[PDB]
Amino acid sequence: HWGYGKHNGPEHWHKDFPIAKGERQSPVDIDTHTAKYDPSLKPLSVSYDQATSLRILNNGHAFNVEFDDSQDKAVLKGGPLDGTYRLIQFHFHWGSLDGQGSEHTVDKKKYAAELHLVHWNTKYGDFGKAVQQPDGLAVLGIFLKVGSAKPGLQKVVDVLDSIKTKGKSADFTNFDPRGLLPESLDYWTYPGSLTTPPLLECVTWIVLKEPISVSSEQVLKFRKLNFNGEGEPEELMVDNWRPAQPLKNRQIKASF
Ligand SMILES: [Ir+4]
Ligand SMILES: [Zn+2]
């Protein structure tokens, strides 16, 4: 029964998920002065040309755009990663106001939203096995700022009316996630966790330095979603972000 409210939000999660207080929790604040350039990293290989989107789901916490991950169709490689990670879904976190919403912060700055493209390590065969491994997942995180509209987002915005409430899904085929990327693939990377329960410490985080711009109208449509199910009291789906967690014994590396 976890969520983002006063009674079930991030300050409560540790009671059911004690790893909430673990050594490699996400998100974190990225201190851009302390992050060290790691000339040994590599360029990110983002290979989304064959991506096959299937469906969009309101899961009561966010909405997920789901992909066919039954073969190596959309994969992330290179950078800090060893081997091949397959795209399974993307989702966002966003705020009630444009001054909050991101999970990661940059020198304590909060962005209006954050996109997470979730990928699993094919050496573990399936997502459920991958999340049990310290190198099981690679999540590409992209900040969103409010300014100009992001044309590649509007097809997502267009369908939200059809998945207003928890448990609703819609067909979402032929969506190209390349239209969500910024121009630069410069990034920060560190070892962390899922940012929602079960908070498993299985993620290599790759956070792009360049935000994408979306319009005020695009984000306002995110904020019309509901956390609740159909015919239940309306609770707007806003402020679905976990705040920054202790960095502990970790180093954030810069690709640039
Ligand atoms: Ir309850
Ligand atoms: Zn996320």
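Residues numbered from 1 in each chain as written, not as in the entry; some residues may be left out. Chains lettered and ligands numbered in written order. Heavy atoms only, no water.

- Looking at the entry header, you'll see X-ray crystallography listed as the method and 1.2000 Å as the resolution.

1. Overview of the UniProt feature "binding site: substrate" in the protein
No. 1: Under the UniProt annotation, the feature "binding site: substrate" is placed at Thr195 and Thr196. Checked against the lining of the largest pocket, the annotated residues reduce to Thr195 and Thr196.
No. 2: Within the secondary structure, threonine 195 is located in the loop between strand 12 (187-192) and strand 13 (203-208).
No. 3: The contacts of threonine 195, once residues within four sequence positions are left out, are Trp13, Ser26, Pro27, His93, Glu103, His116, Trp205 and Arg242.
No. 4: In this structure the side chain of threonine 195 is engaged in a polar contact, spanning 2.6 Å, whose partner is the side chain of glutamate 103. (UniProt positions renumbered as here; feature names shortened; annotations may be inferred. 1 Å grid on protein atoms, 1.4 Å probe; cavity = no way out; pocket = protein on both sides within 12 Å on 5 of 7 lines; lining within 4 Å. Helix = DSSP H or I, 4+ residues; strand = E, 2+ residues; numbered from the N terminus. Contact = heavy atoms within 4.5 Å. Polar contact = N/O pair within 3.5 Å; in protein donor to acceptor, adjacent residues only side chain to side chain.)

2. Focus on unusual backbone geometry
Leaving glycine aside, a negative phi is the common case for residues, and trans is the common case for peptide bonds.
No. 1: In this structure, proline 27 follows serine 26 across a cis peptide bond, with omega equal to 0°.
No. 2: Along the chain, the position of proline 27 falls in the segment before strand 1 (29-30).
No. 3: Look at the link from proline 197 to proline 198: it is a cis peptide, with omega at 10°.
No. 4: As for its position among the elements, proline 198 is in the loop between strand 12 and strand 13.
No. 5: Residue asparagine 174 is not a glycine yet carries a positive backbone phi of 60°.
No. 6: By the secondary structure assignment, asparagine 174 is in the loop between strand 11 (169-171) and strand 12.

3. A closer look at the layout of surface pockets
No. 1: As a volume, the largest pocket reaches approximately 430 Å³.
No. 2: Along the walls of the largest pocket sit 22 residues, with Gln89, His91, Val118, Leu194 and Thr196 positioned nearest its centre.
No. 3: Among the elements of the structure, strand 7 (85-94), strand 9 (113-121) and strand 10 (137-146) are those that each provide at least two residues to the lining of the largest pocket.
No. 4: The element that contributes the greatest number of residues to the lining of the largest pocket is strand 7, accounting for four residues.
No. 5: Residues belonging to the lining of the largest pocket are distributed by class as follows: 13 nonpolar, nine polar and no charged.
No. 6: Of the volumes computed, that of the second largest pocket is approximately 260 Å³.
No. 7: Residues of the lining of the second largest pocket, tallied by class, amount to three nonpolar, eight polar and three charged. (Points joined across faces, edges and corners; volume = space filled by probe spheres on them. Nonpolar A, V, L, I, M, F, W, Y, C, P; charged D, E, K, R; others polar.)

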